[PDB]
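Student: Everything below, folded, please.
(chains A, B and C)
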Amino acid sequence: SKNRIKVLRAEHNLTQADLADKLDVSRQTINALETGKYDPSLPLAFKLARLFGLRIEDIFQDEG
Amino acid sequence: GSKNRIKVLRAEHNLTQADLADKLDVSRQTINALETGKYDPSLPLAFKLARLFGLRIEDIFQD
Amino acid sequence: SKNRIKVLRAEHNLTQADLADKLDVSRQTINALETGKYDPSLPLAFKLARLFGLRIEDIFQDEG
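Tutor: Numbering: from 1, shown residues only, chains lettered A, B, ... in the order given. This is the structure:
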């Protein structure tokens, strides 16, 4: 129920808009992910993982 | 040119040479040739490298 | 590709031969760059930037 997207953006020198444009999503979608308002679709989680060279479980943590 | 920060930037960005090559749609030997200065990049490729790292071209390459 | 070399020549009242002489390239090389005929090597882009006192990104435009 949380993620490391904000921290990873800083590590990769990306603004929210930069990350959004690289994933073909809007800047608001990126901000919604970082604040947890929107849970990503699985395809968007995959796109994030490949962009950062990580597995989904490296970026997103969830309960269950 | 031999003087460039591609290797250092790769380490900062969690990239192997092959990872960087795939992100730029070039081959792995092209990346190695760029880092060692054996190849000078085309201007379009220099732009793609600069935009990937969010930097100016002059931040990555020295003339 | 796309660049402002021709606009910069006009702003500084330079002929193609003037710019060629200042950069040690041929006049045909200058014309190919201004018309978008040739994409320059990075060393040539630097020399253009240094001559005009500008950044590479100030002179050249690229789709990525």
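Student: ok, the residue in chain A positioned nearest to chain B - how many residues close by?
Tutor: In chain A, no residue comes nearer to chain B than residue A:13, which is 3.9 Å away by CB to the nearest CB. For every residue, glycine as well, the C-beta is placed using N, CA and C. Per other CB atoms under 10 Å in any protein chain shown, the neighbour tally for residue A:13 reads 14.
Student: Is there proximity between the lengthiest helix in chain A and chain B?
Tutor: As assigned by DSSP state H, the longest helix anywhere in chain A is helix A:42-52. Yes. Counting by CB under 8 Å from any CB of the partner chain, chain B is contacted by helix A:42-52 at residue A:52.
Student: show me the contacts for residue A:51.
Tutor: A:19, A:22-23 (CB atoms under 8 Å, 6 or more residues apart in numbering or on different chains).
Student: So which of those residues is the closest to residue A:5?
Tutor: Distance to residue A:5 across the contacts of residue A:51 (CB to CB) is lowest for residue A:19, with 7.6 Å.
Student: and the residue of chain A closest to chain B, that's in a strand?
Tutor: No. Counting by DSSP: H, G, I helix; E, B strand; the rest coil, residue A:13 is located in no strand; its state is coil.
Student: And it, how far from chain C?
Tutor: Per CB to the nearest CB, to the nearest Å, residue A:13 is found 16 Å from chain C.
Student: quick one, what contacts that residue?
Tutor: B:53-55.
Student: Now do the strands in chain A.
Tutor: A:2-3, A:60-61 (DSSP state E).
Student: can I get these in TSV with distance to chain B and mean neighbour count?
Tutor: Shown next, in TSV, are these (distance: least, CB to the nearest CB, whole Å; neighbours: other CB atoms under 10 Å in any protein chain shown):
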stretch	distance to chain B	mean neighbour count
strand A:2-3	17	15
strand A:60-61	17	14
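Student: want to throw those strands into TSV with distance to chain C?
Tutor: Formatted as TSV, those follow (distance: least, CB to the nearest CB, whole Å):
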stretch	distance to chain C
strand A:2-3	27
strand A:60-61	28
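Student: buried stuff in the longest helix of chain A?
Tutor: Neighbour-count burial for helix A:42-52, counted by 16 or more other CB atoms under 10 Å in any protein chain shown, picks out A:44-45, A:47-49, A:51-52.
Student: From the chain's centroid, how far away is it?
Tutor: Centroid separation for helix A:42-52 versus its chain: 7 Å, with CA atoms, centre = their mean, to the nearest Å.
Student: Right, I'll leave it there.
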